[PDB]
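Peer 1: The structure is given below, and queries will be raised subsequently.
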Amino acid sequence: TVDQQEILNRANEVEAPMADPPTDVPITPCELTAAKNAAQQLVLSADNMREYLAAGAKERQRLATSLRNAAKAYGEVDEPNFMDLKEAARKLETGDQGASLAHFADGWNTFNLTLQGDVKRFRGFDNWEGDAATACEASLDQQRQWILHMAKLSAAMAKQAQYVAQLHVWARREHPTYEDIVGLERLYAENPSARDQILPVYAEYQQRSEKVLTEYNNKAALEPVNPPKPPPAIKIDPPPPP
Amino acid sequence: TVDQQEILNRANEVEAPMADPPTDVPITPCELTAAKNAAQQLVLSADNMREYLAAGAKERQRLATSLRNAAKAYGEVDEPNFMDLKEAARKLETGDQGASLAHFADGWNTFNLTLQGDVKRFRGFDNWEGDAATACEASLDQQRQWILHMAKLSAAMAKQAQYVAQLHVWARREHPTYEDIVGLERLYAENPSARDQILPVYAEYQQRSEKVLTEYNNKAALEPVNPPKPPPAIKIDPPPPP
Amino acid sequence: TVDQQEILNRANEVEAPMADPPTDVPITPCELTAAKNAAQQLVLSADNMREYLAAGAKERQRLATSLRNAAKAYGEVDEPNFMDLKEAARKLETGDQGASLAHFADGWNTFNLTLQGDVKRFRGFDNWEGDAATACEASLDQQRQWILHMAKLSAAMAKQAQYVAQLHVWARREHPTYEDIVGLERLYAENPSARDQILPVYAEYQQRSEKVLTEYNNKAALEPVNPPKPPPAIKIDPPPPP
Amino acid sequence: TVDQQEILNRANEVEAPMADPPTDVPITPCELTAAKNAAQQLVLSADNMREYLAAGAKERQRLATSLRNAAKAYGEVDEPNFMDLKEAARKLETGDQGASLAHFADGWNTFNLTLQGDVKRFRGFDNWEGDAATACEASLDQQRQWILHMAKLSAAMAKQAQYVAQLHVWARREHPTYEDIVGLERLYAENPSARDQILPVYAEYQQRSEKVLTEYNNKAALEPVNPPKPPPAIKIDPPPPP
Amino acid sequence: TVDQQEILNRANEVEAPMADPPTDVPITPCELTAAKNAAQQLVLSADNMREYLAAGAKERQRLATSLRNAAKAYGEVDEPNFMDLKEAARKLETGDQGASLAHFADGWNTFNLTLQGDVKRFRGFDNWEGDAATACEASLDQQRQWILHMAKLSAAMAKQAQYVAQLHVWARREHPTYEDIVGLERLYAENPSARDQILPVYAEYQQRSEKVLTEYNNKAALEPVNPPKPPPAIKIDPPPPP
Amino acid sequence: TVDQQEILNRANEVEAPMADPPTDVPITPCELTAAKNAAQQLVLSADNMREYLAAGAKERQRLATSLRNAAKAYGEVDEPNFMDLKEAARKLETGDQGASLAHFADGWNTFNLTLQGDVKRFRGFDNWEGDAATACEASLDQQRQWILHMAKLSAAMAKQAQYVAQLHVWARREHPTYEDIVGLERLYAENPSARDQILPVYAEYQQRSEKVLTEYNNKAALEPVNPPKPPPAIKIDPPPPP
Amino acid sequence: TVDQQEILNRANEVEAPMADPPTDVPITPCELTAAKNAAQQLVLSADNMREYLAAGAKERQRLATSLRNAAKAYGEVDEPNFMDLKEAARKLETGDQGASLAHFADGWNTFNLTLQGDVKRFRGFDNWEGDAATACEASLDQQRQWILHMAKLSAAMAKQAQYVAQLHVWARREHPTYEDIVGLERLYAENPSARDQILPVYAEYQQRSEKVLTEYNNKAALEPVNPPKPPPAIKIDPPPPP
């Protein structure tokens with residue numbers, strides 16, 4: 001009718017630990033304020049994800065304890081401002097250039113497939129049928145759907161990190177380089193006779209720079225990834241001693 | 001009034017096995033990370049689909065047992081970084097080129113029509129009328145709608161595999177070839193006198209390559225196909241012995 | 001007060017058979033896999049439609065039996081890979097060219113108007129008023145709305161068949177013809193001196209062909225037409241003998 | 001307090017017949033299959049509308065009977081395939097050219113204003129107040145809202161007929177004429193020396209014709225106008241004799 | 001506690017008549033059928049609006065009677081077809097040109113502000129508090145919201161009339177004039193030698209005319225403005241004599 | 001436990017009067033009918049806003065009375081038609097040019113910040129805890145949310161007034177000036193030899209004028225701003241004398 | 001079973017003060033009315049945010065008191081108008097140029113990460129299980145979600161301040177400068193012979209200025225940030241003395 005050894009094996013398989021989430025620290029792509037705020041937002045989202053994964057591990061431990069109690073119920077168990085322009089270019093180029101975001105996103109994208117790879121422990125029972133088996137299968141299905149949702153959130157956070165890295169690659173491609181602004185400053189200093197000639201160029205260098213930094217403060221504002229807390233396991237009390 | 005032989009034949013027809021899902025393994029189109037993650041996502045979705053089809057087979061077995069109990073209730077039964085550019089081109093071309101995705105998708109598209117072809121076993125009864133016949137017809141209709149939804153998910157997974165294959169065909173058409181980058185490197189090495197001439201070409205080769213790989217990391221991120229678990233069959237208990 | 005002969009005539013008019021659905025078999029437009037899957041999907045949708053129309057005929061028979069019982073309650077009743085390109089063109093042209101889809105869709109579009117033409121049998125009663133007449137009129141109205149929904153699904157299936165036929169007409173207009181590819185192969189074989197001249201043309205023939213077949217695998221994926229099962233007729237038991 | 005003569009006059013005004021719906025028969029604009037299916041769809045929608053207007057007349061008769069019972073409660077009452085191209089042009093031009101659709105739509109658009117012109121019979125009472133007067137005013141308001149909805153459906157059916165007529169006017173403006181195709185056939189037959197000259201013209205005549213007929217099979221597919229059945233009148237039983 | 005003179009003054013202010021709706025009759029802009037149907041639709045909508053405003057006046061009279069009963073409860077109160085083309089132009093120009101629609105819409109737009117200007121009579125009471133005062137304030141608020149909705153419908157009807165007037169101004173600007181068609185007919189009659197020259201012009205005059213009249217039959221189809229019936233006033237019965 | 005002096009101070013702070021709404025009268029921008037209707041709509045919306053602010057002041061007075069009763073519960077308290085064209089231009093220019101709308105909108109935009117500046121009186125209590133304190137805090141929070149919604153409506157009305165002013169600035173920029181039409185009339189009168197020359201100019205002056213006035217009658221139709229009535233304060237009855 | 005020292009430590013950690021919100025005052029970017037209204041709106045939103053953060057601090061104090069009562073339950077605790085144009089330019093340039101908005105937004109963006117950095121105090125308990133522990137964990141989770149929502153609102157207010165600063169940078173880039181208008185006025189005054197030459201330039205200077213100020217009055221209208229009041233802490237009464 002009911003095989004208790006399957007229940008004990010399923011409890012010891014549910015209680016078994018999953019893989020650890022990655023511990024990569026996403027450093028900022030440059031020294032701009034929007035990039036540092038995006039990197040700190042990714043750090044806080046990763047810490048939130050690890051905290052809720054530990055809470056889900058505790059919920060799986062409580063579910064394994066409830067499965068052991070359900071097994072024990074049956075039987076007996078054992079004028080040109082060149083300074084601001086070249087400062088903006090210098091701040092935009094003095095960083096990791098998104099080489100730590102593409103290593104953060106690869107880890108949190110591999111962890112998505114790692115979390116999807118071991119949802120086999122929440123399968124339904126084979127030889128256990130009854131009214132408690134349906135509730136335990138419902139609890140295991142709730143834990144499985146929560147783990148799949150957490151893997152989806154991990155993939156979304158990896159996509160956010162890749163989006164910030166691609167945005168910094170675009171913002172360093174589009175912005176005028178530091179050495180060109182330094183050369184234009186020496187061209188302005190050496191010969192004032194062309195002050196009516198290179199000043200429309202510099203003004204263009206201003207406007208394009210204002211296009212870049214405005215796009216950086218608008219697009220590198222990440223929304224946080226707050227995960228749902230894990231659903232509570234079923235509480236099956238131990239049977240009273242007769 | 002009620003013909004029990006029709007009930008026994010319908011139970012033995014519901015319990016009969018359907019066709020097996022295909023066991024093709026979708027290999028990666030190239031050695032990029034997005035293509036390997038897409039291939040692993042397709043492998044995990046296929047494993048999820050096969051697991052839920054086995055669970056549906058067990059639910060059909062329980063429904064056949066309930067139909068046998070309903071039959072037994074009546075009567076007595078028996079400065080140029082050429083290295084990174086040519087590495088990206090080499091990684092993009094060292095693969096199966098989507099020849100295993102188009103064989104995965106053909107199998108999971110034929111399995112869609114195979115699952116739709118044998119929903120005749122969930123038809124309503126002919127000579128059995130009453131109050132248990134309506135509940136058994138409702139259970140058979142629930143199993144039929146679940147099998148049609150599973151066939152729709154199989155067609156969606158085949159469309160995902162075909163989309164990744166078409167994306168890799170586009171990404172190998174658009175990206176600059178490996179031999180052209182190798183020839184441009186020798187053209188850069190043999191004569192530095194044209195270093196102010198072929199460098200705008202190489203820069204274009206950079207930008208187009210950045211257009212391809214950014215499109216590969218954005219478009220080859222598949223969402224998982226999680227199927228619904230099969231609906232529980234009706235439980236008709238055997239009649240008590242008088 | 002209540003005329004039983006109207007009830008008997010309405011029961012014998014509801015039980016009268018409607019027109020048969022058409023039995024045309026939609027053959028594939030060509031030998032491509034997407035066209036064969038679309039034709040098999042249309043065959044399965046037509047079989048599903050005919051099965052549910054037979055189930056609705058049985059439900060109308062039960063409703064006529066209930067109307068006869070309601071009448072009996074009152075009184076006493078009686079390097080160029082030319083092979084793959086010319087194989088794709090050959091496979092695209094070796095078919096019925098959508099001449100059997102335009103004969104499938106015409107039949108299932110005439111059956112739409114045929115099903116809408118004979119919903120006069122579900123009209124409300126004239127001389128029968130009371131509390132059972134309202135329930136019988138509600139059952140006849142449910143059957144009428146179900147038959148109108150089935151006619152709408154027949155028109156939708158005919159539109160799907162016409163869409164696949166128009167897609168194949170476009171895909172044979174846009175794809176390069178077989179004889180042109182065969183002539184280009186002989187032009188490539190006879191004189192290699194123009195190998196740097198006709199190869200950009202052939203490459204264009206490749207790309208346009210990839211535009212066609214990708215559009216065929218994406219647009220000729222039909223969704224199935226699963227009809228709702230007919231609503232259950234009211235069950236009016238025969239009166240007990242006094 | 002309560003004037004029964006107002007109740008009798010309102011019952012005899014509600015029971016008074018409205019204007020008859022028009023009996024124009026929408027003939028097909030041409031001999032194409034889509035135009036004949038659109039004309040048959042308009043015929044079936046007009047028959048459905050007339051049937052539900054007769055049902056609403058019976059419901060108004062029952063409401064007048066209930067108003068008479070409410071009055072009686074108070075006091076005592078008393079290689080070129082030219083054949084298919086010129087066949088398509090001939091079939092497209094051998095019709096009524098939408099001269100019967102513009103006479104169908106004018107009648108069913110005047111009937112919209114005719115149905116809106118005589119909703120004055122469902123006004124609230126003047127000298128009758130109480131608890132039955134509120135229910136009778138609610139029933140008259142339900143009948144008024146149903147008649148206004150039926151007038152809106154009549155205007156929608158007239159708009160469908162005008163849309164099919166405008167579509168046929170466009171499809172005869174855009175398609176190449178029959179006499180031009182007949183002249184091009186004689187130009188092809190008399191001098192084969194220009195077979196490499198007029199054949200790109202004829203091919204254009206093919207493609208434009210395929211643009212027209214595809215637009216005719218897609219746009220002349222009308223959805224049916226199924227009206228709601230009229231809401232049931234309040235049933236006020238006659239008072240018992242003391 | 002309760003001042004009955006405020007209740008009597010509020011009843012005599014609620015019963016006071018508002019401004020009359022305007023009695024302008026919207027004549028047709030031209031002799032086309034769509035313009036005459038639009039003008040008749042505006043006439044029917046104005047008659048519906050005046051009928052429901054009279055019904056709301058009767059409801060305000062009943063509310064004033066209920067306020068007087070609530071006051072009395074406390075204390076003791078005291079080959080060219082030129083004929084059809086020039087007929088269409090003649091019919092399009094033989095009208096009032098929308099000079100009566102712009103006088104209809106101005107009246108029904110001033111009546112919107114007139115109805116919004118005197119909702120001060122539905123203000124809440126000052127010295128009357130209790131359990132009947134809350135219900136009387138709820139009834140006055142319901143009447144105020146209904147009057148504001150009726151003013152919104154008056155503004156919508158004025159916008160419909162202005163839309164028909166602007167449509168006729170456009171349709172007389174775009175259509176070819178009558179005198180130009182009459183001059184082209186004399187140019188066709190006097191010299192047949194230019195019959196291959198002015199006939200493409202006349203054909204253009206046909207097509208543009210078909211663009212105008214099709215736009216007139218499609219855009220001048222107004223939907224009716226059916227107002228909601230006024231909400232029933234609270235019925236407070238007079239107190240019984242002790 | 002409960003400090004009654006805080007309750008008395010909070011009641012005397014809630015009863016304290018806020019700032020008065022501004023009493024600027026928005027005059028019409030010109031003598032057109034749409035501008036006069038927009039100005040009258042703004043006058044009616046401002047009167048509605050002032051009426052509901054007075055009603056909210058009475059509700060705050062009742063809430064202060066309830067807070068005093070809650071304090072007293074604890075302890076013992078103490079052929080060219082130049083005439084119509086130049087008439088339209090004259091009517092369009094004979095006004096205040098939107099100089100009174102930009103002074104209306106500035107007042108009703110400063111009143112938005114004035115209403116948001118003094119919602120500090122609806123703060124929660126400090127030393128008062130219990131079951132009546134929660135209901136009084138809920139009533140104060142309801143009054144605070146209503147005052148913030150009224151400030152939002154004041155900002156919306158100021159935006160409507162600024163929109164009408166900007167529309168009149170555009171409509172006087174785009175319309176042809178009065179002096180130019182007067183000069184064109186004298187140019188038409190002095191020399192008829194150019195009657196085939198300046199008449200296409202005048203026709204353009206017609207069409208552009210029709211573009212302006214149509215845009216004025218369509219865009220200067222304001223919707224009314226009806227505010228919600230203030231939510232009723234909690235009624236705490238005075239305690240009975242022991 | 002239950003460790004009371006963990007409860008006392010968690011109460012003293014919840015009651016511990018968080019970081020103070022920043023006290024930067026956003027000054028106006030210029031002397032325009034829209035910029036001053038936007039700066040006053042940011043001041044009022046910051047004051048609202050600080051008030052609700054103080055209210056949340058009081059709610060955390062009440063939650064710590066409830067945790068101390070839950071711990072005490074177990075054991076015993078211890079004709080050119082140049083004047084208006086140059087006035088608009090002067091008013092647009094006489095300000096802080098958005099240098100105080102970019103210091104307001106940096107503070108309120110760092111406070112977002114500061115509020116997200118210390119939500120570790122609302123973690124679930126380790127050694128405390130039971131029926132009161134679940135309610136206390138639910139209250140701590142409600143406070144955590146409210147603090148995360150308040151951090152999201154702080155980031156939204158910082159984005160509003162950065163948007164007003166970028167809008168003023170654009171509006172000073174696009175508007176014509178003060179010195180150019182002053183030079184054009186002297187060019188108009190010194191030589192009237194070019195009055196037909198520089199007047200189309202000045203008119204352009206008018207129109208572009210009207211484009212700027214209209215964009216300033218439309219885009220610098222901020223909506224207020226009203227935060228939700230903090231959710232009420234659970235009230236666990238102290239145990240009665242036995």
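To be explicit about the labels: the chains of the structure tokens are called A, B, and onward in the order shown, and within each one the residues are counted from 1, while ligands get numbers from 1 in the order they are shown.
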Determine, using only C-alpha atoms, which residues of chain A have any atom at most 8 Å from an atom of chain B, and tabulate each with its shortest atom pair and distance in Å to one decimal place, rows ordered by chain and then rising number, as a Markdown table.
Peer 2:
| residue | atom | partner | partner_atom | distance |
| --- | --- | --- | --- | --- |
| A:110 | CA | B:37 | CA | 7.7 |
| A:113 | CA | B:41 | CA | 7.0 |
| A:116 | CA | B:44 | CA | 7.3 |
| A:117 | CA | B:44 | CA | 6.9 |
| A:166 | CA | B:214 | CA | 7.5 |
Peer 1: Pull N, CA, C and O atoms from the residues just selected and write them as a compact mmCIF listing (two decimals), in the first residue's frame.
Peer 2:
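And here is the file that came out, part21.txt:
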# COMPACT_ATOMS: atom_id res chain seq x y z
N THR A 110 24.64 30.75 -16.19
CA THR A 110 24.87 29.33 -15.98
C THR A 110 24.12 28.82 -14.75
O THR A 110 23.67 27.67 -14.72
N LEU A 113 20.51 27.65 -15.71
CA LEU A 113 20.44 26.27 -16.19
C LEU A 113 20.77 25.28 -15.09
O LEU A 113 20.27 24.15 -15.10
N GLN A 116 17.54 24.99 -13.15
CA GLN A 116 16.58 24.20 -13.90
C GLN A 116 16.99 22.74 -14.04
O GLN A 116 16.14 21.89 -14.32
N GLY A 117 18.28 22.43 -13.86
CA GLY A 117 18.74 21.07 -14.06
C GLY A 117 18.41 20.11 -12.94
O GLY A 117 18.41 18.90 -13.14
N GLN A 166 26.64 46.41 -22.55
CA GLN A 166 26.44 46.88 -23.93
C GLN A 166 26.23 48.39 -23.98
O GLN A 166 26.68 49.04 -24.93
Peer 1: When you look at residue C:12 with a cut-off of 12 Å (counting only C-alpha atoms), what residues show up, excluding the ones that are within fewer than 6 positions of it in the same chain? I need them as an NGL selection string.
Peer 2: :C and (5-6 or 60-68 or 71 or 121-122)
Peer 1: Stretch 183-229 of chain F: which residues are helix (DSSP H, G or I) by DSSP, as number ranges by chain?
Peer 2: F: 183-190, 192-194, 199-219
Peer 1: Using only C-alpha atoms, find the one residue out of B:236, B:25, B:212, B:7 that sits nearest to residue B:135.
Peer 2: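 Under the stated criterion, the closest residue is B:236.
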Peer 1: Looking at G:173, G:50, G:84, G:77, which one is nearest to residue A:203, with distances taken over only C-alpha atoms?
Peer 2: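 Smallest separation from residue A:203 among the options: G:173.
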Peer 1: Please compute the atom CA of residue C:109-atom CA of residue C:31 distance, one decimal, in Å.
Peer 2: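 About the pair atom CA of residue C:109 and atom CA of residue C:31: they are 26.1 Å apart.
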Peer 1: Between G:106, G:196, G:80, G:231, single out the one closest to residue A:36, counting only C-alpha atoms.
Peer 2: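 Among G:106, G:196, G:80, G:231, it is G:106 that comes nearest to residue A:36.
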Peer 1: Skip residue F:28 itself and residues of its chain fewer than 4 positions away, then list as a PyMOL selection string all residues within 12 Å of it, counting only C-alpha atoms.
Peer 2: chain F and resi 32-43+91-102+104+161+164-165+168+220
Peer 1: Go ahead and dump the residues you just picked, N, CA, C and O atoms, as a tab-separated table (two decimals), in the first residue's frame.
Peer 2:
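Output file again_4.tsv follows:
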chain	number	residue	atom	x	y	z
F	32	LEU	N	-14.06	84.66	-30.88
F	32	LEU	CA	-14.59	83.45	-31.47
F	32	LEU	C	-15.49	82.73	-30.47
F	32	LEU	O	-15.42	82.95	-29.26
F	33	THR	N	-16.36	81.86	-30.99
F	33	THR	CA	-17.29	81.16	-30.12
F	33	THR	C	-16.61	80.06	-29.31
F	33	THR	O	-16.99	79.82	-28.16
F	34	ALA	N	-15.60	79.41	-29.89
F	34	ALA	CA	-14.89	78.35	-29.18
F	34	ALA	C	-14.08	78.92	-28.02
F	34	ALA	O	-14.00	78.30	-26.95
F	35	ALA	N	-13.50	80.11	-28.20
F	35	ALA	CA	-12.73	80.73	-27.13
F	35	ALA	C	-13.63	81.20	-26.00
F	35	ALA	O	-13.27	81.08	-24.82
F	36	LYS	N	-14.81	81.73	-26.33
F	36	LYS	CA	-15.75	82.15	-25.30
F	36	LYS	C	-16.32	80.95	-24.55
F	36	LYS	O	-16.52	81.02	-23.33
F	37	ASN	N	-16.55	79.84	-25.25
F	37	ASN	CA	-17.01	78.63	-24.57
F	37	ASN	C	-15.92	78.04	-23.68
F	37	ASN	O	-16.21	77.53	-22.59
F	38	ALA	N	-14.65	78.13	-24.11
F	38	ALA	CA	-13.55	77.65	-23.27
F	38	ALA	C	-13.38	78.52	-22.03
F	38	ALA	O	-13.12	78.00	-20.93
F	39	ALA	N	-13.53	79.84	-22.17
F	39	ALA	CA	-13.42	80.72	-21.02
F	39	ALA	C	-14.58	80.52	-20.04
F	39	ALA	O	-14.37	80.52	-18.82
F	40	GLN	N	-15.79	80.31	-20.56
F	40	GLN	CA	-16.92	80.02	-19.67
F	40	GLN	C	-16.78	78.66	-19.00
F	40	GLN	O	-17.19	78.49	-17.84
F	41	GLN	N	-16.17	77.69	-19.69
F	41	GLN	CA	-15.90	76.39	-19.07
F	41	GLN	C	-14.88	76.51	-17.95
F	41	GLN	O	-15.02	75.85	-16.91
F	42	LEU	N	-13.88	77.37	-18.13
F	42	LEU	CA	-12.90	77.58	-17.06
F	42	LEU	C	-13.52	78.31	-15.87
F	42	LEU	O	-13.18	78.01	-14.72
F	43	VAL	N	-14.43	79.25	-16.13
F	43	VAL	CA	-15.14	79.94	-15.05
F	43	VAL	C	-15.99	78.96	-14.25
F	43	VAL	O	-15.99	78.96	-13.01
F	91	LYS	N	-12.48	89.02	-35.80
F	91	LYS	CA	-12.95	88.29	-34.62
F	91	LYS	C	-11.82	87.54	-33.93
F	91	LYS	O	-11.81	87.42	-32.70
F	92	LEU	N	-10.85	87.04	-34.71
F	92	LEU	CA	-9.73	86.34	-34.11
F	92	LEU	C	-8.74	87.27	-33.43
F	92	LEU	O	-8.02	86.83	-32.54
F	93	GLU	N	-8.70	88.55	-33.81
F	93	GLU	CA	-7.70	89.43	-33.21
F	93	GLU	C	-8.26	90.44	-32.21
F	93	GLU	O	-7.47	91.19	-31.63
F	94	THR	N	-9.57	90.50	-31.97
F	94	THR	CA	-10.12	91.55	-31.11
F	94	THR	C	-10.23	91.11	-29.64
F	94	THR	O	-11.24	91.35	-28.98
F	95	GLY	N	-9.17	90.56	-29.08
F	95	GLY	CA	-9.30	90.07	-27.72
F	95	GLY	C	-8.15	90.37	-26.78
F	95	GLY	O	-7.28	91.19	-27.09
F	96	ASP	N	-8.15	89.71	-25.63
F	96	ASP	CA	-7.10	89.85	-24.63
F	96	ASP	C	-5.84	89.07	-24.98
F	96	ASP	O	-4.84	89.20	-24.26
F	97	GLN	N	-5.88	88.26	-26.05
F	97	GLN	CA	-4.75	87.49	-26.58
F	97	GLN	C	-4.18	86.51	-25.55
F	97	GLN	O	-2.99	86.20	-25.58
F	98	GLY	N	-5.02	86.01	-24.65
F	98	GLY	CA	-4.57	85.06	-23.67
F	98	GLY	C	-3.73	85.64	-22.55
F	98	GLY	O	-2.94	84.91	-21.95
F	99	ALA	N	-3.88	86.93	-22.26
F	99	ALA	CA	-3.14	87.53	-21.16
F	99	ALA	C	-3.83	87.33	-19.82
F	99	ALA	O	-3.20	87.52	-18.78
F	100	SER	N	-5.11	86.96	-19.82
F	100	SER	CA	-5.82	86.66	-18.59
F	100	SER	C	-5.87	85.17	-18.30
F	100	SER	O	-6.17	84.78	-17.17
F	101	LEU	N	-5.60	84.33	-19.30
F	101	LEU	CA	-5.48	82.90	-19.04
F	101	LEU	C	-4.14	82.56	-18.40
F	101	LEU	O	-4.07	81.66	-17.55
F	102	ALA	N	-3.08	83.27	-18.77
F	102	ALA	CA	-1.77	83.03	-18.17
F	102	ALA	C	-1.66	83.63	-16.77
F	102	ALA	O	-0.70	83.33	-16.06
F	104	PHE	N	-4.63	83.43	-14.82
F	104	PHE	CA	-5.47	82.43	-14.17
F	104	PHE	C	-4.67	81.18	-13.84
F	104	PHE	O	-4.76	80.64	-12.73
F	161	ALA	N	-5.96	75.83	-18.90
F	161	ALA	CA	-5.92	77.25	-19.24
F	161	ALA	C	-4.67	77.60	-20.06
F	161	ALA	O	-4.76	78.37	-21.03
F	164	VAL	N	-5.24	76.38	-23.67
F	164	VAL	CA	-6.07	77.29	-24.46
F	164	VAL	C	-5.28	78.54	-24.86
F	164	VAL	O	-5.41	79.02	-26.00
F	165	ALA	N	-4.42	79.03	-23.97
F	165	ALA	CA	-3.60	80.20	-24.31
F	165	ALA	C	-2.59	79.89	-25.41
F	165	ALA	O	-2.41	80.69	-26.34
F	168	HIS	N	-4.42	79.64	-28.72
F	168	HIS	CA	-4.73	80.93	-29.33
F	168	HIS	C	-3.49	81.61	-29.89
F	168	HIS	O	-3.59	82.31	-30.91
F	220	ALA	N	-10.19	73.71	-28.82
F	220	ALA	CA	-10.59	74.54	-27.69
F	220	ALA	C	-11.90	74.09	-27.06
F	220	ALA	O	-12.63	74.91	-26.51
